[PDB]
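J.: pasting the structure only:
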């Protein structure tokens, strides 16, 4: 859940 | 004194980080809106025809209300990316529980989008595509329902907000104070969040005394608006609920689906 937000935060 | 000095350093780190994160600043925006900038003026979109002629000067990536609203979506998505990068520069933010990082952004981003949109707005319209467009308030009102009532609350908030005549240096701290809100639903560990926000709030206070010493409790009015912002979002979420139900020939960008799912 919140895959994109996780991706943006972990980038 | 050293206590004040640490809070100046924080105000400067945040300001620097804001300038790197956000392409169009309130400084530049204001220039463009007053014609002070010697740069090429923005293409003005006031009706269906000007919008068609405007496609060359902006980026769209079927009917006009749907296409405008889809453009708003694209602005939001890019804003969420910029805000996420700025959050990561807030000292202590990345050391928080990742699930809390996600919750703060999830509830923070729209409040910050509407704060920063006020920088792009006057009573007559809003700069779009990094100030290379200007979309009139009248045009956005003119759209068929429910799209006609979509931007008007943001203009209504913007005219009030812009009175405080905050600059970038101020907004950089205010925006961080909003992100680090210890009362967002579903936070796991409120204490390290409130600790950072307490520091940011002190920096915001010091910042508003120095950079506006002819002002007085510019600080106190600004904290009141943080509640104005939550209602814009509550009201905005309900309108998205309506739009998603009443219309079927449009989906929401997946990033905006994550954010809006299980939100108010």
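T.: That came through, no problem. Residues are numbered from 1 along each chain as shown, chains lettered A, B, ... in the order given.

J.: doesn't residue B:92 fall inside a helix?
T.: No. Going by DSSP: H, G, I helix; E, B strand; the rest coil, the assignment for residue B:92 is coil, not a helix.

J.: give the contact list for the closest residue to it other than its chain neighbours.
T.: Spatial nearest neighbour of residue B:92, excluding adjacent residues (C-beta to C-beta, 6 or more residues apart in numbering or on different chains): residue B:196 at 4.6 Å. Yep, even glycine has a C-beta here, placed from its N, CA and C like the rest. Applying C-beta atoms under 8 Å, 6 or more residues apart in numbering or on different chains, we find residue B:196 in contact with B:90-93, B:180.

J.: Could you do residue B:253 as well?
T.: By C-beta under 8 Å, 6+ apart, the contact list for residue B:253 reads B:73-74, B:76-77.

J.: What about those, which are in strands?
T.: Taking DSSP state E, every one of the contacts of residue B:253 sits outside strands.

J.: By neighbour count, sort out the buried ones in those.
T.: In terms of neighbour count (16 or more other C-beta atoms under 10 Å in any protein chain shown), the buried residues within the contacts of residue B:253 are B:73-74, B:76.

J.: Relative to chain A, which of these is nearest.
T.: Lowest distance from chain A to the buried ones among the contacts of residue B:253 (C-beta to the nearest C-beta) belongs to residue B:76, with 12.7 Å.

J.: That closest one contacts residue B:113, correct?
T.: Yes. At 6.1 Å, residue B:76 counts as touching residue B:113 under the criterion of C-beta atoms under 8 Å.

J.: All the strands of the chain, residue numbers only.
T.: Picking chain A for this. Going by DSSP E, chain A shows no strands.

J.: I was thinking of chain B, sorry if that wasn't clear
T.: Per DSSP E, chain B carries strands over the ranges B:43-45, B:121-122, B:125-128, B:133-136.

J.: and those strands, which is most packed in?
T.: Neighbour counts (mean count of other C-beta atoms under 10 Å in any protein chain shown) averaged over each of these peak at strand B:125-128, with a mean of 23.

J.: Could you list the residues in contact with that one?
T.: Against strand B:125-128 from outside (C-beta under 8 Å, 6+ apart): B:24, B:29, B:32-33, B:42, B:44-45, B:58, B:71, B:75, B:117, B:120-121, B:133-137, B:139-140, B:151, B:155.

J.: Of the buried ones among the contacts of residue B:253, which ones also sit close to chain A?
T.: By C-beta under 8 Å from any C-beta of the partner chain, no member of the buried ones among the contacts of residue B:253 lies near chain A.

J.: gap between residue B:129 and chain A?
T.: Separation of residue B:129 from chain A (C-beta to the nearest C-beta, to the nearest Å) stands at 22 Å.

J.: That residue: neighbour count?
T.: By the measure other C-beta atoms under 10 Å in any protein chain shown, the count of residues near residue B:129 is 18.

J.: contacting residues for it?
T.: With C-beta under 8 Å, 6+ apart, residue B:129 has these contacts: B:57-59.

J.: got a winner among those for most neighbours?
T.: Neighbour counts for these peak at residue B:58, which has 18 neighbours (criterion: other C-beta under 10 Å).

J.: Would you map the helices across chain A?
T.: For chain A, the helices defined by DSSP state H occupy A:3-10.

J.: Spell out which residues of it are next to chain B.
T.: With C-beta under 8 Å from any C-beta as the criterion, chain A meets chain B at residues A:1-6, A:8-9.

J.: Between these, identify the one with the most neighbours.
T.: Using other C-beta under 10 Å as the neighbour criterion, residue A:5 leads those with 21 neighbours.

J.: neighbours around the nearest residue in space to that one that is not next to it in sequence, how many?
T.: Once flanking residues are discounted, residue A:5 sits nearest to residue B:102: 5.1 Å by C-beta to C-beta, 6+ apart. By other C-beta under 10 Å, 21 other residues sit near residue B:102.

J.: so what's residue B:102 up against?
T.: Counting by C-beta under 8 Å, 6+ apart, residue B:102 touches A:2, A:5-6, A:9.
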